[PDB]
Number of protein chains: 2
Amino acid sequence: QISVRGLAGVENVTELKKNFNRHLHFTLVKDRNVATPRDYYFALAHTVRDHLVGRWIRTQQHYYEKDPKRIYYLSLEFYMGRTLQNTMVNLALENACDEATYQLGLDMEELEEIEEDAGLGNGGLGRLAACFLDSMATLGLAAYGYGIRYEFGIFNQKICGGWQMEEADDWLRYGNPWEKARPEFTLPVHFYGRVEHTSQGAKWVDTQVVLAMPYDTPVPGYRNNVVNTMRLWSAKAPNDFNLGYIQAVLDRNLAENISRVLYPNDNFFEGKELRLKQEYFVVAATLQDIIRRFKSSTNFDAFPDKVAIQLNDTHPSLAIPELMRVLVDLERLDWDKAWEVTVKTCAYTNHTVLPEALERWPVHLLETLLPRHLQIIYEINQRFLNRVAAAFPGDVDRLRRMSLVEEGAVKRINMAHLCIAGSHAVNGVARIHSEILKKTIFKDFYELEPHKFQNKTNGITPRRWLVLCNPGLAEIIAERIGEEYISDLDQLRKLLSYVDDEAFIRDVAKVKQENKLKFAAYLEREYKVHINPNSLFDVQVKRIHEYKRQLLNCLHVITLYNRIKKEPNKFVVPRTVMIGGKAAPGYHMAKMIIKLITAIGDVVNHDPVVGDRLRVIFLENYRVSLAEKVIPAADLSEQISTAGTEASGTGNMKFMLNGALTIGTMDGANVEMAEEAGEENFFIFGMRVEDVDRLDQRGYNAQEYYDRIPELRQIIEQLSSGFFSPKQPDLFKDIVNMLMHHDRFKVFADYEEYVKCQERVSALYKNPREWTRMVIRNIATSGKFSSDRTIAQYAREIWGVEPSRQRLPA
Amino acid sequence: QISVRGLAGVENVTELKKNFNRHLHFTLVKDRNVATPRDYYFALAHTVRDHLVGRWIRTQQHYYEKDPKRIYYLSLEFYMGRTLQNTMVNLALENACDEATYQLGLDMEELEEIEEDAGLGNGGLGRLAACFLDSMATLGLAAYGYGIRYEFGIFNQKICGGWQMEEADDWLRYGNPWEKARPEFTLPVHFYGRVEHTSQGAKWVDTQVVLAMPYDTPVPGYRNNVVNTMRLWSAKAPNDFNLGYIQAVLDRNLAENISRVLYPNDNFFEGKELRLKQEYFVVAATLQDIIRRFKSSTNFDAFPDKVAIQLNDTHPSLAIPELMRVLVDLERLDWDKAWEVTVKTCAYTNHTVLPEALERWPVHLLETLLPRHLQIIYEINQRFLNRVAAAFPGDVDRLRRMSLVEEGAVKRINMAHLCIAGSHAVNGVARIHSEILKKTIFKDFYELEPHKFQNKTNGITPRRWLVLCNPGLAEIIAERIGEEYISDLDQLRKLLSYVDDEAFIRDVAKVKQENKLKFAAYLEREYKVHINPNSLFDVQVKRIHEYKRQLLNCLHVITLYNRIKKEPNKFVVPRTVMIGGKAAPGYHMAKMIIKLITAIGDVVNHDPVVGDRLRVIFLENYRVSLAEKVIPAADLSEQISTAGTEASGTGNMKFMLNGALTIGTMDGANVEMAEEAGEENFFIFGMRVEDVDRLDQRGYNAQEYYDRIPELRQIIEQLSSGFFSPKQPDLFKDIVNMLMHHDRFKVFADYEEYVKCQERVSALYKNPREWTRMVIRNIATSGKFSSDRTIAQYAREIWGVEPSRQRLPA
Ligand SMILES: OC[C@H]1O[C@@H](c2nnc(-c3ccccc3)[nH]2)[C@H](O)[C@@H](O)[C@@H]1O
Ligand SMILES: OC[C@H]1O[C@@H](c2nnc(-c3ccccc3)[nH]2)[C@H](O)[C@@H](O)[C@@H]1O
Ligand SMILES: *Cc1c(COP(=O)(O)O)cnc(C)c1O
Ligand SMILES: *Cc1c(COP(=O)(O)O)cnc(C)c1O
């Protein structure tokens, strides 16, 4: 059908059809008369997977032969989503498979909808890791993603009576055709025990052993025949574990619980023992695998020339003391040499400045679980603080501020400080965030070692986030500038010369309109909900958090509602306001916010005076596969965190690539997006970081806004009085109390400007041609936000390797 | 190479080779330069499995079309062993695969040794189920085996310092290529809850739900293209189970523990809740599947014409009240009609008369776990006892003896009584056992319903237990009488006309000698143990139990040792005495017996005066794959249980088929074996059942034997004094005390006759030609003990279906 989707040659189509029937028969053990759509999905998945394995084997053979520097990306989260369509896109097989399945009497889109998301992440950090893997393969890097194979990923969200309920995400129930178990490369990981000092160094003994079994998933580059590996570890008990007899076998679950479930917190630290075990488990198994591969080429001098380890936040920070442990205790390098190697190997990426998100582990935990690592951390701290004291003599407060050990009620280890000390590079994830790190929380470290600190602005992969989810848009773009932009996103600037082209203006707008129709039909089909497809689709999809300010959006929605009720017969630009995202199960305020959103919907959506001029929909179970549907359908992207809180954001970039305009604060990557497109082509409002700091110095008093803004006071009175909860008038008292007395994110302070800016949005939407022209200017300048750009910078500035766009042979 | 192993045609060999390379590449994702022998094993297994699926699909299609009566064999145990060689044998692929692998540079035997046993059974009962499945497929019956897919089967036995240690049998670690998960046919099973009575009958409510997920394994018939199904259930938690959040996910293990581990008791009842859950789980999932299949053809009148359910002992006895539950509560049949259907559908097989093995469940357990089933059982009991009272008026003691409810300290349900009441046929497993049932423990039931009681003497499959494990013997036999005997074992009688044939005598003896050499080499290779291959191989392999009297064997071994030490320069027929088998982990006396065996070995094997005239070897980790090695190598089969205790035995039959002579008591199937071969061709000794009864009436006094038999007294003094445990002189005090004061199995009473009979064995072994002639007479009359004969009798006399030897089309 469409050009970007590749060739459908007779030979290939014939071959695909026979391999599909072969898998249906021999692999699935079904005949056509009993096969369900799920059986068909699996036959297709195995058929496409067969095309990966050849290139996978020869890629890994190639790295063995040529022995390039290897990049190891260590993350506790990989939010992969679905694999089938991505694999087809990257192998140029989509049209052929479409043809082959069509000829067998099947709709491929329908089969694609059967695949479960691999939901092994919470949101942006996990999804960034997934985008990065795709870019690293596309750029020809010898890269491996290492993580944990959770049996249960991020929970499935149901809404019952307006409240979030959580269900286990049993994503492996029907099997995962993409992975390959590798039980032959199982590795032991140690816990507990004690340290023994001998004539010849320390020994960690009397440990409990848990086995780490790997599962490998292929990661195909874009049409270059590179297939890299994501290796995920699964916990297994040894066979003599606890070895009355029956109970000892049942107690194997204790050991195997390490890989059972993903902690469902986004931007929050929960200091539980099981989480610490997960962090050490991934680190200890991964480092043995790295060292094995390195030896299979005594001289650890060359280790940093052949290995880079990238720490995705502090979650795998134990890599630093584990590497020292291995080098000093097992390989018997002297301390100084070991530390040099470690520092040159490791680099650390920070993704947040929120204090409740920073990992600070109680010493008593590490002492019990990882007694040798604690000794090593203490030794690192002592030597690091000696360097500080020599650079800043007599500055005793600096010593206590920079220490890896925090004193207080309970002593804790600051994992961010450990990561800075033991890494040759530290980066933030957008220019403003990186500056904030140097100015505030890591200021002392920056003064000591300015050369360590860098920026690497985040990006998203244009394979998944344009070609795959928005083929219509990719096509009309390819018609004008060709296909090269898919792996060189800066070529989208060529689109600026079509900004006055009436044909292009029309096609851009038609593609959006079709995306909106298809999403509106999705809603009815799957959720019995009826929306006006001519309305402005105003969307805020991201995890539920106070700092992301879903509440500020809610205040606007109610304002629109009240203005309609005040002047019902006055014209307003119709909107469909969509908000979605998951709340962490223990985050009470987030759960209340969800309930508020549905409650506003209950009132607004059933008010005859409103009509279809305003609809408020809570999008259930937001996840990668839903993002690929709603993002191409959006007109307005809500990126409204308090300035200084959203380290980067990545949803923002997805919307910009897909033809939505952005309303947002000058926060995270929003600043660079506005800079790339021009501020005139962005709806910017609110306090800058400097204004927030000024307000904090003065003292934020919310009462003042309530007193001076009647529209705001009215909303608060509606909330308190039970207008949105008739049967339980005090239901939202916690929300009102927070907004009025302890709002850390200053919702009221940005209200007036937000509402005004939203009026300017409605004004522009009334003039379709000018809206579309501004859209074209956004799409055209979105190139900087390709993760290919991001990974090229990591590669050159941190890892010391050159990317390559050269194909390997097929 | 050999004829019985099938054709190695150029086309087939070429095809096998390409499919092997295809699986190595696409299935295993390996290249030849990294592949290990395990990868090669898996490539072969997938290649052979491909040849099954076609016939599997068309067999099951065929049963759908023709709708024959279906046979459901319900067992908690299926002791399958290895699958690869069996599958090749049954498909006529062995020589082709041998050729194909040879041409790829691989030894197929070596690859066969990599496969794990499926050890989902304890011993004879589980292995009988496996033999039965093979025969039912070979005889063309529409049969399904239903059980539990245990994650851990029977434990791996290690011997440390002469003591048994248990290790978990993680048999699924590397994957199981033979099974196919069928998550689409997952079924709910209910536990706990309470019963509600309405206007319209009882309702079982507030239950906890556990899901039953099936896994299907193919069961190929012998060269008839029939492939039947063994469906094994795995426990899964529902996704809203327990649904703070993390703990709720981790607590899914509670539900999933049901299918975690096989209870490792042979002939012993352990009344634990988890075991009861396993029993109900298999029954409840299986019966829904049966009823689904029956409806997919309102009229339950025809249910017994289309369904037979065979209960493998009482372990699945809850099928009876579950069937009533479904018919009465869900389908709303009246009680009397439901009971008629149930009785005509169910048949019960008893496998033991040992009182400690009989299942008697505490009412309080059933009351909590299965409250509706308890109500149904009470109702069955009341109506059954009304029939008893009407047939035997005023016989109040009969009423209490026959009740399903046992009164006492705790009230219990007698599951054997439930099974007799609710089955149209009840059988024992050898003629003497079946008579014992009618005379003793089920006498009252036999008087009430004599027509129910039958015999079905056990058998073993001659595919696994001759062709597969002893190809050399199968060949020399096929040279004379052709190949038809493999599926018509009675044809072995034709061998009686070769009893005076000097060529045949020589070939039989050479085959044995080669089996012995190959087993002696196995021992060195794998266990650094050096044995004389010219010695008589005297073997006792079976589970360790007091009733099997491994101790009587030990007493003989020590007698031989003492006689040598008394007259060292006198000639004796050299023996290698081999004893193997597992002890249940909680069975203290069994564990002591193992230690005694190794301790005797420690003394005997290192005594220079003995030389290589006597060796005592404990065979570690006895299991199906070890049985296939040691049984073809044996000269003497020890079948020495106390008369009346071994219901049948099946090991006995395996040895007879493979050219060993038997020393044994008149117990179980030994009686029929002696009858078939002629008593002159059997080494029978000891009390008959009648003599045991006489001794029990008088009172067994062990002291009397000790007083009158000096050789016995000497052994007991050696045991007590620490001769076999120098460092711990009192180590075997428990054993001595049991033998002297509370030996339920009368070891001393058979000692004199056992020793005398063993002298007659040694005398015959000194004359090779006459030994071999007696062997030929055993092999030639072993035909009755084919499980094909057994299953034909079940089919005609219990299930009401005719077997067929007709092939389906390939
Ligand atoms: O750089 C990728 C994205 O990381 C997110 C993030 N920052 N910290 C976490 C986090 C912290 C603890 C647990 C799980 C996730 N997630 C940030 O909040 C986003 O601004 C950013 O785009
Ligand atoms: O008929 C097959 C074989 O069943 C065995 C047997 N009888 N009861 C059990 C049993 C009882 C409880 C748990 C596990 C197995 N096993 C008998 O002891 C054997 O004589 C018999 O050959
Ligand atoms: C991109 C993405 C996110 C991150 O969105 P932000 O708006 O940057 O928080 C979270 N969840 C999913 C499923 C995504 O695809
Ligand atoms: C046949 C067999 C048994 C049963 O042997 P008996 O001597 O009848 O108890 C037990 N275990 C295994 C592994 C077998 O093959």
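By convention in this document, chain letters (A, B, ...) are assigned in the order of the sequence lines, proteins followed by strands, and residues within each chain are numbered from 1. Whatever order the structure lists ligands and atoms in, that order sets their numbers, starting from 1.
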B:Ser648, portion touching ligand 2 at heavy-atom distance under 4.0 Å |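 The answer is both.
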Would you check the N or O atoms of A:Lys542, main chain and side chain alike, for any that come under 3.5 Å of an N or O of ligand 3?
->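 Yes, at least one N or O pair falls under 3.5 Å.
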[X] heavy atom under 4.0 Å from ligand 1:
X        : answer
A:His433 : no
A:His315 : yes
A:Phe132 : no
A:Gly668 : no
A:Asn267 : yes

Could you list which atoms of ligand 3 come closer than 4.0 Å to a heavy atom of A:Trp465?
->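 Taking each heavy atom of A:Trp465 in turn, ligand 3 has 15 (O) under 4.0 Å.
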Short N-O contact, A:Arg463 and A:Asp134, less than 4.0 angstrom |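 Answer for the salt bridge query: yes.
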Can a side-chain donor-acceptor contact be found between [Y] and [X] if the only test is distance below 3.5 angstrom?
X        : Y        : answer
B:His351 : B:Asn312 : yes
B:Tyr794 : B:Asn427 : yes
B:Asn267 : B:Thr352 : yes
A:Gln639 : A:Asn652 : no

Any idea which of [options] brings a heavy atom closest to [atom]?
atom                    : options                                : result
atom 14 (C) of ligand 2 : B:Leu125, B:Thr650, B:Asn265           : B:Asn265
atom 21 (C) of ligand 1 : A:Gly651, A:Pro264, A:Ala430, A:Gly649 : A:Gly649
atom 2 (C) of ligand 1  : A:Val429, A:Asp266, A:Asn458           : A:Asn458
atom 17 (C) of ligand 2 : B:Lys548, B:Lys542, B:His351           : B:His351

Is the closest heavy-atom distance from [X] to ligand 3 below 4.0 Å?
X        : answer
A:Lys548 : yes
A:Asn652 : no
A:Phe655 : no

Do ligand 2 and B:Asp313 have nitrogen or oxygen atoms that lie under 3.5 Å from each other?
->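 Checking ligand 2 against B:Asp313, no N or O pair falls under 3.5 Å apart.
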Nitrogen or oxygen atoms of B:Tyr547 and ligand 2 under 3.5 Å apart |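 Checking ligand 2 against B:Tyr547, an N or O pair does fall under 3.5 Å apart.
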Ligand 1 to A:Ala647 polar contact by distance, N or O atoms, under 3.5 Å |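 Min N/O separation from ligand 1 is below 3.5 Å for A:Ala647.
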